[PDB]
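Here's the structure, in structure tokens; my notes come after.
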Amino acid sequence: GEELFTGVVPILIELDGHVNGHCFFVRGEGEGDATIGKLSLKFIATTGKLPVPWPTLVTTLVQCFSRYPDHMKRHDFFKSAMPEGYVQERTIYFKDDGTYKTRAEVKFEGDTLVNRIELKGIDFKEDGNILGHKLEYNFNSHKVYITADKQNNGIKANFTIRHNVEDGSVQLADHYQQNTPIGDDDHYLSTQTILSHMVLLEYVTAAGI
Ligand SMILES: [Cu+2]
């Protein structure tokens, strides 16, 4: 489980998406430190111009790289599922706006960690905040309230994300998440993200006990 996360671990992220007739593929490459809670990644859209702003995809684009304190070692589901891996299912509602439905798989493939993702965008208003590209190239710090799930031997997590509209307004994005381990208590993750193709740096830790 945590045997594999001690030290630097390379990452490969793939994502296929369909949003209002526009399809796109995004590849991500980099590394991650779970002992520190770091994530340095460089995402590239292989279909040219993305029909959707990058910051909306950040949320869906690997929660086993989040830092764990030594008193929450026994609450890190993500690392325990490894190397067998878990499925990352999520639906995302943009208030007064369109919805994502996603499914993804996180596994170890060799010495590198691999995350392939499926994405489907529905009911998005054109010239909106999403299809109009009216969201700023930034991402704030959020709480990710994780809850245990004995019905599916896995994890659920609810949270909503404030995207910053260029008018000074705020676009909300509700997240319902489910995670199920392939094979065989209420805490939360505080995150922090900087947008700098697309480059990212993140620091995420576990708190609430
Ligand atoms: Cu499709």
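By order of appearance in the structure tokens: chains A, B, ..., then residues from 1 within every chain, and ligands from 1 in the order shown.
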
Quick one: residues within 7 Å of ligand 1, with only C-alpha atoms and all ligand atoms, as a VMD selection string?
-> chain A and resid 17 to 18 120

For the residues in that selection, give me N, CA, C and O atoms as a PDB file, in the first residue's frame.
ATOM      1  N   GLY A  17     -12.902  13.306 -23.361  1.00  0.00           N
ATOM      2  CA  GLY A  17     -14.084  14.085 -23.018  1.00  0.00           C
ATOM      3  C   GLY A  17     -14.946  14.409 -24.213  1.00  0.00           C
ATOM      4  O   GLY A  17     -14.442  14.596 -25.316  1.00  0.00           O
ATOM      5  N   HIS A  18     -16.254  14.456 -23.986  1.00  0.00           N
ATOM      6  CA  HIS A  18     -17.213  14.885 -24.990  1.00  0.00           C
ATOM      7  C   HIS A  18     -18.107  15.952 -24.374  1.00  0.00           C
ATOM      8  O   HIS A  18     -18.799  15.685 -23.395  1.00  0.00           O
ATOM      9  N   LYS A 120     -17.975  13.291 -19.897  1.00  0.00           N
ATOM     10  CA  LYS A 120     -19.140  13.554 -20.739  1.00  0.00           C
ATOM     11  C   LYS A 120     -19.882  14.807 -20.278  1.00  0.00           C
ATOM     12  O   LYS A 120     -20.447  14.835 -19.183  1.00  0.00           O
TER      13      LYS A 120
END

Long-range neighbours of residue 47 in chain A as a PyMOL selection string, 10 Å cut-off, only C-alpha atoms, 5 positions minimum in chain = chain A and resi 23-26

DSSP strand (DSSP E) residues within range 99-197 of chain A, as number ranges by chain | A: 99-109, 112-122, 143-149, 154-164, 170-181, 187-190, 193-195

If you keep C-alpha atoms, can you produce a file of those selected residues as a compact mmCIF listing (two decimals), in the first residue's frame?
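And here is the file that came out, selection.txt:
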# COMPACT_ATOMS: atom_id res chain seq x y z
CA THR A 99 -22.98 19.07 -15.83
CA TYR A 100 -20.06 16.64 -16.09
CA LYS A 101 -20.36 12.91 -15.57
CA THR A 102 -17.01 11.17 -15.21
CA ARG A 103 -15.49 7.75 -14.60
CA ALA A 104 -11.76 7.06 -14.14
CA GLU A 105 -9.28 4.34 -13.18
CA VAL A 106 -6.19 4.82 -11.01
CA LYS A 107 -3.63 1.98 -11.08
CA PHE A 108 0.08 1.19 -11.15
CA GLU A 109 1.31 0.19 -14.61
CA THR A 112 4.59 4.60 -13.08
CA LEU A 113 1.12 5.48 -11.82
CA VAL A 114 -1.58 5.73 -14.48
CA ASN A 115 -4.91 7.57 -14.45
CA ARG A 116 -7.21 7.18 -17.45
CA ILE A 117 -10.40 9.25 -17.30
CA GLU A 118 -13.72 9.36 -19.16
CA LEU A 119 -15.70 12.61 -19.38
CA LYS A 120 -19.14 13.55 -20.74
CA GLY A 121 -20.47 17.13 -20.81
CA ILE A 122 -24.20 17.82 -21.04
CA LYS A 143 -12.02 21.27 1.41
CA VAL A 144 -12.74 17.75 0.16
CA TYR A 145 -15.00 16.14 2.76
CA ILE A 146 -14.38 12.39 2.51
CA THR A 147 -16.88 9.86 3.89
CA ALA A 148 -16.59 6.07 4.24
CA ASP A 149 -18.88 3.69 2.33
CA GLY A 154 -15.16 2.27 -0.89
CA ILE A 155 -15.24 6.05 -0.47
CA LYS A 156 -17.62 8.94 -1.17
CA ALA A 157 -16.77 12.64 -1.09
CA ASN A 158 -18.83 15.82 -1.46
CA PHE A 159 -17.57 19.36 -2.12
CA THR A 160 -18.22 22.35 -4.39
CA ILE A 161 -15.60 24.38 -6.25
CA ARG A 162 -15.64 28.16 -6.74
CA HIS A 163 -14.38 29.04 -10.22
CA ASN A 164 -13.47 32.71 -10.62
CA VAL A 170 -18.19 33.17 -9.06
CA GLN A 171 -19.16 30.01 -10.96
CA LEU A 172 -20.00 27.16 -8.56
CA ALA A 173 -19.33 23.50 -9.39
CA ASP A 174 -20.86 20.87 -7.09
CA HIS A 175 -18.99 17.56 -6.82
CA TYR A 176 -20.44 14.21 -5.86
CA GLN A 177 -17.69 11.58 -5.85
CA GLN A 178 -17.62 7.78 -5.46
CA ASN A 179 -14.54 5.55 -5.28
CA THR A 180 -14.54 1.75 -5.44
CA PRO A 181 -11.48 -0.48 -5.03
CA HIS A 187 -12.00 13.49 7.39
CA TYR A 188 -11.18 15.99 4.65
CA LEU A 189 -8.47 17.21 2.30
CA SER A 190 -7.38 20.84 2.15
CA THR A 193 -3.43 24.74 -6.77
CA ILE A 194 -1.50 27.03 -9.15
CA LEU A 195 -2.15 27.16 -12.89

Pick from A:53, A:128, A:32, A:21, whichever lies nearest to residue 96 in chain A using only C-alpha atoms |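 Closest candidate: A:128.
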
Could you give me the residues within chain A that DSSP places in alpha helix (DSSP H), as a count of residues only?
-> 10

A:204, A:52, A:64, A:165: which is nearest residue 82 in chain A, counting only C-alpha atoms?
->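 Of A:204, A:52, A:64, A:165, the one nearest residue 82 in chain A is A:64, counting only C-alpha atoms.
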
Can you tell me, as a PDB file with N, CA, C and O atoms, in the first residue's frame, what residues are no more than 9 Å from residue 182 in chain A when counting only C-alpha atoms, ignoring any on the same chain fewer than 6 positions away?
ATOM      1  N   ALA A  81      -5.673   0.834  -1.556  1.00  0.00           N
ATOM      2  CA  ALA A  81      -6.192   0.163  -2.742  1.00  0.00           C
ATOM      3  C   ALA A  81      -5.071  -0.245  -3.692  1.00  0.00           C
ATOM      4  O   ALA A  81      -5.205  -1.230  -4.417  1.00  0.00           O
ATOM      5  N   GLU A  84      -3.597  -2.650  -6.611  1.00  0.00           N
ATOM      6  CA  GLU A  84      -4.823  -3.131  -7.264  1.00  0.00           C
ATOM      7  C   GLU A  84      -5.668  -2.001  -7.873  1.00  0.00           C
ATOM      8  O   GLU A  84      -6.336  -2.198  -8.888  1.00  0.00           O
ATOM      9  N   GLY A  85      -5.639  -0.827  -7.247  1.00  0.00           N
ATOM     10  CA  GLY A  85      -6.272   0.364  -7.803  1.00  0.00           C
ATOM     11  C   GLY A  85      -7.734   0.531  -7.441  1.00  0.00           C
ATOM     12  O   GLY A  85      -8.365  -0.386  -6.908  1.00  0.00           O
ATOM     13  N   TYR A  86      -8.260   1.719  -7.738  1.00  0.00           N
ATOM     14  CA  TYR A  86      -9.667   2.048  -7.501  1.00  0.00           C
ATOM     15  C   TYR A  86     -10.270   2.802  -8.685  1.00  0.00           C
ATOM     16  O   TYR A  86      -9.550   3.407  -9.485  1.00  0.00           O
ATOM     17  N   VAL A  87     -11.597   2.758  -8.778  1.00  0.00           N
ATOM     18  CA  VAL A  87     -12.343   3.491  -9.796  1.00  0.00           C
ATOM     19  C   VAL A  87     -12.818   4.827  -9.222  1.00  0.00           C
ATOM     20  O   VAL A  87     -13.346   4.881  -8.113  1.00  0.00           O
TER      21      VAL A  87
END

Rank A:15, A:209, A:200, A:34 by their smallest atom-to-atom distance to residue 75 in chain A, using only C-alpha atoms, and report the top residue only.
->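 Checking each candidate against residue 75 in chain A, we get A:209 as the closest.
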
Residue with smallest distance to residue 58 in chain A - pool A:4, A:199, A:36, A:12, counting only C-alpha atoms = A:199

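If only C-alpha atoms are the atoms counted, then among A:169, A:80, A:151, A:60 the closest residue to residue 134 in chain A is A:169.
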
Between A:208, A:98, A:48, A:110, single out the one closest to residue 185 in chain A, counting only C-alpha atoms.
->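 Under the stated criterion, the closest residue is A:208.
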